[PDB]
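In: Got a sequence here, can you build the structure:
(chains A, B, C, D, E and F)
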Amino acid sequence: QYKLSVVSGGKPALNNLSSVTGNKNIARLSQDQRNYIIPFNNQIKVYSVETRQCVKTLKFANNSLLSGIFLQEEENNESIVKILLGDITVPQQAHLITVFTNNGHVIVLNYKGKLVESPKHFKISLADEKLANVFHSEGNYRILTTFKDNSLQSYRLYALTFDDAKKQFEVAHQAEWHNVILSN
Amino acid sequence: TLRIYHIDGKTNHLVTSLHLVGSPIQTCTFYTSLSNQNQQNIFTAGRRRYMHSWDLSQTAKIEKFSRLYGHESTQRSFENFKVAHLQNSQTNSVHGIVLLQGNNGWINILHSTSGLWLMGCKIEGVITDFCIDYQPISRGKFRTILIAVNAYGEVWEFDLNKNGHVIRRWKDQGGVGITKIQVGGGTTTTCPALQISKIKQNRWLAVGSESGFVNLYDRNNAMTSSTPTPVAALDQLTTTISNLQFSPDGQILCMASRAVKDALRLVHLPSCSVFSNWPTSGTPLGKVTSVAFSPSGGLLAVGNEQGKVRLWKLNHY
Amino acid sequence: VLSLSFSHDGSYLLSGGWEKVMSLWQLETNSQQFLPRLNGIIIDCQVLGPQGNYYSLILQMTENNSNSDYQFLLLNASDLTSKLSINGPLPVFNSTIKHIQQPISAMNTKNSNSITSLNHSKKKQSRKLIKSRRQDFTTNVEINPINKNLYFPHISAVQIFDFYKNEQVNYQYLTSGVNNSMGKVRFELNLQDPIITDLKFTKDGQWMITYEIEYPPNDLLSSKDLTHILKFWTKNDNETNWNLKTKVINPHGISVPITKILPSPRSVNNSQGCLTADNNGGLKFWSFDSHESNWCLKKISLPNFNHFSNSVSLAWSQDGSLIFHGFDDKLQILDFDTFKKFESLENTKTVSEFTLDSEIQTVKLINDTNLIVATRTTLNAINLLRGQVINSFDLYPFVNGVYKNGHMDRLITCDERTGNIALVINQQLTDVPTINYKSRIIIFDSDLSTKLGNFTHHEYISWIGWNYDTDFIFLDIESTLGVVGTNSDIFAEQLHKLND
Amino acid sequence: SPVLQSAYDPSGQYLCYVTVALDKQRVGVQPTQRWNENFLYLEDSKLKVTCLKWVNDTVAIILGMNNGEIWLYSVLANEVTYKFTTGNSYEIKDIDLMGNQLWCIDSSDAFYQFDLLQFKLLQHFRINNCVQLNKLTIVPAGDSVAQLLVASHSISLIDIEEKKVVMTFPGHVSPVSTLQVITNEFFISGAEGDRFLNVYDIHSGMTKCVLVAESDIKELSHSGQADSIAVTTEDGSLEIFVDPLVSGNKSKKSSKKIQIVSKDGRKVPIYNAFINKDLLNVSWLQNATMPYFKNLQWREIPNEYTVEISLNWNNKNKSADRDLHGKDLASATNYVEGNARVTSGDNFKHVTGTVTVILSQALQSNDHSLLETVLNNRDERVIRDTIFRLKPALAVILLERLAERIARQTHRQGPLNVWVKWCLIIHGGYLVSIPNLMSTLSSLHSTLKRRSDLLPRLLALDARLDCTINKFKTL
Amino acid sequence: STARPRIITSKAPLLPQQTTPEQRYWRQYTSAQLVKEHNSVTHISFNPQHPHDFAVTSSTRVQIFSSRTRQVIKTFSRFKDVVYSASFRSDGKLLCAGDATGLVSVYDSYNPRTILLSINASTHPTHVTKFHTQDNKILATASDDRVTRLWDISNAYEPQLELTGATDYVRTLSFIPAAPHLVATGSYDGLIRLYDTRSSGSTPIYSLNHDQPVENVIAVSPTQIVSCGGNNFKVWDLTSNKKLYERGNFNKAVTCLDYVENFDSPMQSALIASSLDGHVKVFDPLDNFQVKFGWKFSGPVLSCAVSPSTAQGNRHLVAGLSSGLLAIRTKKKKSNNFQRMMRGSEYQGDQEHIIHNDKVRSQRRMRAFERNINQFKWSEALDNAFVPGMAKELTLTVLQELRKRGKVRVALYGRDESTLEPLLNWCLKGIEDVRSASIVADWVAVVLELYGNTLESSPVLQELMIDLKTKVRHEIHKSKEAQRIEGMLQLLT
RNA sequence: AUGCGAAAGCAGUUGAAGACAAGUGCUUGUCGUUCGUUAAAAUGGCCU
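Out: Numbering: from 1, shown residues only, chains lettered A, B, ... in the order given. For reference, the structure is listed below:
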């Protein structure tokens, strides 16, 4: 009879929880520079630039894995913090995306198409401290994280690769800095 | 208007007839990128204070460069502008630049596919003209040299890898009123390369004067002797020069006036000899305004004031 | 300096100040060229291009106080044109939401904070949100009855946004403000901007009505009074910019807020009439003269009462005859044609004046069969066939002080065909009230005997309005608009595949 | 037309077309049934594509080049797979193929037989009494490659193991241009420039039918079992006959006629259609060199039909970052008033020596000058007598005119206030008598509201002024 | 990005009787020209076809004036006694003239030498002579013999048709648009009569009771007539045979009347009445006959006319006064080698595929004060606002917008007495008003807050402050008296 | 400056620890530090 639904997304989902990083921008331009990916509050949007138009709206809700992760109705502590272009698993693959959240979940999805309900999901361990940043050279990736034992945060830098076995993520201690004030 | 024609021998069918508004097109030029090699642009400009860029099929993409970030006080116009590649020497990211004439000795240089102001150099007197040459160094590394002619005949040669540092000056022999320069024999603004390896040093250098005289130099020894003598001195025409264009391969020099009918000549290099049979008294030119060569087909294209361009295939190439 | 950025090689400096201007500094000759106005202040900017085709930048919209609403912008750097503009829908709330921090600056105002005040205000807001039992988040949201757009009233601004495509389609200012003339810095920041507070449509949609108040500067002789301005706009059926057609200075004497505004039914003048009621008891009916070009007073009724209700409302019969003028606690029913009390020859205890318990928040009529009234403690459903109450519902558990007087109007809405929609909202406590919220929706029939449908939503709901095509739309605090309602082949694939 | 030659592949999904560019010919392939860049240039500058044909696992084509060569061109990799070489240097007049046996006809009047599988020249060859040869084909008798056809202006049918004419038919005036087998006993022929397609029956040797075109004939295609014949006619038209082998019936006119015209009304030509049963595939040239397609259903087509397209003729360039005019979308319409009427909130509308005769005269009429003089009188006693003399409706009209003159010229409110004081002294009876005080005295009510509620700001300013005044002129 | 917003001038709400658009146009009629003639002017008309001509009758002297020069071009004086009525023909080539000796004289214009035809009607004075409108060869004369005659201009010897039954002194007549057979006559005792010609014609079809003596009548539309009689004037409906309006909006008897339709102006159809008291008033029949504009001439106006609807020249409004006065008011209205060398700019781009414009919409100027404001130099902004020959509205909108945006103190700190003074003078005036007086009260308040030390130091301002003490006390007495007269009107309710 | 209230106003609020900097263990001042409650400054202004 009467049914309730969530239709239109809202806020464009800043990196406010950090508030110490000097580059809050999360959205990213694709390899082929015809399209642009925006991490919203309840969805992830695909825009085609030369028509200024939305094309695919990867909603968090319809996907069970995301809905079992991203709309946890006790706290939305887990939020998206980094987007990477290709496939972290194997290099030289097309229309793929890796999403990196606040708590140790790493997802691979694939826009430009009927997104199959088989998200390539992995968990990066040692989640007693929460993820701060992720970036990359060719192949050798680095992870910034936020630790504490005076009302500041310690930053740990870790090195990262893939596939010891499929799930075992090669996070290793690189360095640590004691209490950051401002960073970029 | 910009009109783009596809060329047969037997027909010439109109690809596109783009028409702008309020912009008298004084100079237009193709430009293909180098690294991506799938990016194509058309630049046009006149005596306004902007510059139109058309990208490369029902509704086209056109931007207008307008802001010289530091100084509009020099160049109140865009009447003379060419395009050239430039290598960065830190990153190997060769990119396209547009060079603009200016006020007194100001040549300004704008990074093209950004719209940025990269660098400006200046000589004194009154800049009449300028052109581009290259020099390869190593496997895919090469420096671009800008050549500029004052009215009096003080040729400057600058380079552009490091910022504007005068390589050298010299003075053309004679040369009262200089009114066009062009290099040739290799790559240029009309015969550009398509990938970085084929960039070849230009050999011949042409200075077209106000009389009709054309001084013609060899670079390989001109650069040495540093106030050098001409390889030769053409003295055919009786009026001003306004178009000097080299072959793709470096043999043929087309010179062209702008003031009387049928005022074009062809000069065969290295003899610096005027051709004799062509053109005759039976070839329709009118006031020649615009010459253009082909890359590899062997075509010469000539426009004029009446509006009718004409083609001439060299059966040799 | 709120954003710094470098060009790719190391020759240009993108500067991101408060003043709404993004500045490029060419370092070499040390000169600057800059983009002057960008709809707010710039938190972030950087260069994304493989050579530098694109600047990315992130805007704050600092004019909105209660909720920091950010916007993504992508600029082609050749023209400096807005190649891409992305923004979610923009509300404005009565009070600030859970733990947002206005950015840093040099001074303090009601739009910004100095550093010490920043930390102290973060703690102060969290503590007050736990402590104070007053808070509400009640905004006004409109629906275009021929375009199905949503008209969010920003301060001094209007956002036209449709939720079929989930993309903003227009942004405008509607106020004699300082909106783009100058980016504010310090005392210009302590200055406050003229606020749209009421916005409604005519049912034909070809006459938009708005009402904005404007404030004075500080510390002058005339800083004692405020100024209220009424405005009537049109537009065509295809344009997307509104043309102002009549602006009215100071309705209802001087310094009197217009408190409730009403769009007339179709039946009177093809929906070209409006009702304005002040806070003392007056009525005015304005409309559109067509042999003039304009809007005028059609009828007045101004008592001079020296008591003031902050909370009024009024509703109108569908046959254009019965005007339910609800002041605080004592309703009246008037005949429209004389604006005086319904004087009966029958006198059968359906008398024109009604008394209820406490201050009346919102009256509607669902048909000409039932008048639905909401006061500060309960909700009552009364007949019009007979001067007698029908249904009563106790609410003083919930609506205690949790709504500033006059905002259950923007809570309760109804269809004109089936029923009415009631709202309850509770903060999810632990044992102390926590920050988090929760919401309950009721769907009532015209008789209000049975709840036609109950629903729960896990977050705070700010506003439910009714869609003319028989459904309901609602705005959530996290701005998520929700609804309540009913050889050859292989070769073919390969052809699509395609230093010495 | 700038397409030098073109040919569909059988089962109609691709066309190969050869054109010129800077006087070097290039060949390219494009699909039709739903742009492409892999073109092939011929590196020599004197050669021309002289004939073109398809073959089907690598789908490939065969190009006869007037240098004297026949190239087999792979279409997947743009590479010249093989180079069949005549033992001569002339033009290949024509090519044809079946199974893997292939026969080509040479401009010095020569026959050649090759095989594809062996890449090999089987037999160089000649016959007699055939002085020019510019079309040939082979009948599809089965795998048996017997009795092929050659023609220049008189079609001739020849054996292989007997290598002689057996039936010779009187062809056309022009050299023939189009020569195809429909059924194993019937072939169609149409020369260069004539408008008649002759349907020749082999075994009787009889000119069984003629089809007339409307104009000169350029390209010919036909259905499976003579179910339909499509003709691309040089002025740019597609004409189809239904059932040529059915039966005043020695000639057959065109059954249906199709042209292409865009929105502009200029007539885009048509080249080289292709037909199957119930499916017609028409092509044309959109830009100067690129071909576009359409499919359509000929049995649903009426007799004369004009396929439309949306061709760019005077498109305003309504780009992505632009407004309806001027602005970019991320801006805002900035607020500008323009021409709105501004009213206040209290403008109630739409709800003994006397002079009384001259005032009442001007006010019955509407006389600025006389009203000006009768108010330019100044004596209070004169005022008293005259307003005691006046008639009430004229007192009402006096009140409105008076308030008007004040509200424009504020200086006069000093002297003129005695009248509006004195008007209400006397005619209070009739003023009480009229109902609509507010709408009868609209302007006066407004102006008094103005000054009266302005007052307190003036009070505050007077106070602070006097404070300063005393403070400095006491010392 | 965006563009800058232009500042708006503070449009304060309107006080009654705004400048109506009709008043704009009908005062664009300007430039009073006076020419003194011999004696009173009876009748004035304009040529129909090329409307560049208009004729005026007088005491025995007909004058033709022309529209280009507004001057006398031609003179008709071949008459014996007083000519009454001259008109042009509907085709324009010919004109008729009616005298008091008992005859009309008709001849083509521009040539007084050739009396083309001379018809002797009744020996009574022929009062008015006109032509048909639809027909072109039938002329009508009303003579004072209470009978009007239709002379067919071929056989001028006898009246082609009489028209009798009138009471006394037929002084006007008009034809009718839809019909060429239906003729209206205005007597001098009322009874505006309506006759047929395709009947026998001795008796009228019917009449109308203008109970005053009718002074003019005009076919305004092929279903409506207007009548000028006595003080008022009226408009009658033909089919219902029943008047639709009366407008009694005059002082003496209305004398002359004219109607005009569909020209280029913000009003559709104009009706001019000229009413013997200087007063010429234009109404419009589409606004249900209300007054729209009116001028005053000293003497009584006897005739008035407008330039016709196909004017195409500078339009005329002609008024004729009994003192001898024609008063007019008139709304007025390289090298060949070079061009071949650069002839390209004038092309517009017709037969090209894709067209794009992008140049700016070239705005109005920016005033120097606006440049001052947008470049923030606020003291210079105020001084440039008090440049002497400026608009008062400009000065107000300057101070209003500065007071909204920035700070009057930061625009007032760098001050001395010698630049304090002009602002103070403008306050000294602008406090007298209202709409200025509020804002300028704020400003005088803040400057008196600031500069008291310089006040007691300097004597020039002490002069200005004592006068300002008077003016506010003078102004407060005015607004204090305002409330008494407002509350007094409450007592009348 | 919070609560209540109409645009009037009507009541109340401004308190702790820490750590550091300067002047001479003492005074002031500061807080990218915590508790507790209804709580102005580096001549530096808007594109074509």
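In: quick one: contacts for the residue nearest the centre of chain B?
Out: For chain B, the residue nearest the mean C-alpha position is residue B:189 (4.8 Å; C-alpha atoms, centre = their mean). Neighbour list for residue B:189: B:29, B:82-84, B:131-132 [criterion: C-beta atoms under 8 Å, 6 or more residues apart in numbering or on different chains]. Yep, even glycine has a C-beta here, placed from its N, CA and C like the rest.
In: are any of the residues you listed buried, and which?
Out: B:82-84, B:131-132 (16 or more other C-beta atoms under 10 Å in any protein chain shown).
In: Now flag whichever of those residues is closest to residue D:149.
Out: Proximity of those to residue D:149 (C-beta to C-beta) peaks at residue B:83, which lies at 58.4 Å.
In: isn't that closest one right next to residue B:112, touching?
Out: Yes: using C-beta atoms under 8 Å as the test, residue B:83 is close enough to residue B:112 to be in contact (6.9 Å).
In: Quick check: neighbours shared by these two?
Out: Counting by C-beta under 8 Å, 6+ apart, the residues touching both residue B:83 and residue B:112 are B:31, B:43, B:96-98.
In: mind giving me CSV with these and columns for secondary structure?
Out: CSV is the format used below for the shared contacts of residue B:83 and residue B:112 (DSSP: H, G, I helix; E, B strand; the rest coil):
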residue, secondary structure
B:31, strand
B:43, strand
B:96, strand
B:97, strand
B:98, strand
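In: Next up, identify which helix or strand the spatially most central residue of chain A is on.
Out: Nearest residue to the geometric centre of chain A (C-alpha atoms, centre = their mean): residue A:100, 2.3 Å. Assigned by DSSP states H and E, residue A:100 belongs to strand A:96-101.
In: neighbouring strands for that strand, and are they parallel or not?
Out: Strand A:96-101 has its sheet partners listed here by DSSP bridges as strand A:80-84 (antiparallel), strand A:105-110 (antiparallel).
In: Residue A:152 - how many residues pack around it?
Out: Close neighbours of residue A:152, defined as other C-beta atoms under 10 Å in any protein chain shown, add up to 11.
In: List the contacts of it.
Out: Applying C-beta under 8 Å, 6+ apart to residue A:152 gives the contacts A:179-181.
In: buried ones in stretch E:24-31?
Out: E:25-26, E:29.
In: Please enumerate residues in contact with that stretch?
Out: E:265-267, E:282, E:292-293, E:315, E:317, E:329-332.
In: Now which of the residues you listed would you call buried?
Out: Counted by 16+ other C-beta under 10 Å, the contacts of stretch E:24-31 give E:267, E:282, E:292-293, E:315, E:317, E:329-331 as buried.
In: quick revisit: highest neighbour count among the contacts of residue A:152?
Out: With neighbours taken as other C-beta under 10 Å, the top of the contacts of residue A:152 is residue A:180, carrying 15 neighbours.
In: my guess is it contacts residue A:153, does it?
Out: Yes: the pair residue A:180 / residue A:153 is scored as a contact, 6.1 Å apart, by C-beta under 8 Å.
In: Check the contact lists of the two and give me the overlap.
Out: residue A:20.
In: Secondary structure element holding the nearest residue to residue D:251 once chain neighbours are set aside?
Out: Nearest non-adjacent residue to residue D:251, counting by C-beta to C-beta, 6 or more residues apart in numbering or on different chains: residue D:210, 4.9 Å away. Residue D:210 is part of strand D:206-212 when elements are defined by DSSP H and E.
In: What is the subsequent helix or strand relative to that strand?
Out: Counting by DSSP H and E, what follows strand D:206-212 is strand D:217-222.
In: quick check: angle from that following strand to strand D:206-212?
Out: Between strand D:217-222 and strand D:206-212, the angle comes out at 120 degrees (axes from the mean of the first three to the mean of the last three C-alpha atoms, to 10 degrees).
In: Parallel or antiparallel, list what pairs with strand D:217-222.
Out: Partners of strand D:217-222 in its sheet, by DSSP bridges: strand D:228-233 (antiparallel).
In: which parts of the longest helix anywhere in chain D are buried?
Out: As assigned by DSSP state H, the longest helix anywhere in chain D is helix D:442-473. Of the residues in helix D:442-473, D:442-454, D:457-458, D:461-462, D:464-465, D:468-469, D:472 count as buried by neighbour count, 16+ other C-beta under 10 Å.
In: and that helix, does that touch RNA strand F?
Out: No: Helix D:442-473 is not in contact with RNA strand F by C-beta under 7 Å from any atom of the strand; minimum separation 11.6 Å.
In: Quick one: classify whichever residue of chain E sits closest to RNA strand F as helix, strand or coil.
Out: Of all residues in chain E, residue E:376 sits closest to RNA strand F, at 3.8 Å by C-beta to the nearest atom of the strand. When classified by three-state DSSP, residue E:376 comes out as coil.
In: Is there a neighbour count for it? I'd like the number.
Out: 10.
In: Can you list phi and psi of it for me?
Out: Phi and psi for residue E:376, reported as degrees, to the nearest 10, are phi 80, psi -10.
In: and what of the one 3 residues further on?
Out: As for residue E:379, its main-chain torsions (degrees, to the nearest 10) stand at phi -60, psi -50.
In: likewise residue D:20?
Out: Taking degrees, to the nearest 10 as the convention, residue D:20 sits at phi -110, psi 150.
In: so it touches residue D:2, yeah?
Out: Yes: assessed by C-beta under 8 Å, residue D:20 is found in contact with residue D:2 at 7.3 Å.
In: Which residue of these two possesses the greater neighbour count?
Out: residue D:20 (20 against 17).
In: quick one: that one from chain B, how far?
Out: Separation of residue D:20 from chain B (C-beta to the nearest C-beta, to the nearest Å): 5 Å.
In: Might you report the residue contacts of the nearest residue in space to that residue that is not next to it in sequence?
Out: Excluding its sequence neighbours, the residue lying closest to residue D:20 (C-beta to C-beta, 6+ apart) is residue B:8, at 5.0 Å. Counting by C-beta under 8 Å, 6+ apart, residue B:8 touches D:2, D:19-20.
In: Among those, which one lies nearest to chain E?
Out: Proximity of those to chain E (C-beta to the nearest C-beta) peaks at residue D:2, which lies at 18.1 Å.
In: From chain B, how far out is the closest one?
Out: Between residue D:2 and chain B the distance is 5 Å, computed by C-beta to the nearest C-beta.
In: so that residue touches residue D:289, yeah?
Out: Yes: using C-beta under 8 Å, residue D:2 is in contact with residue D:289, at 6.4 Å.
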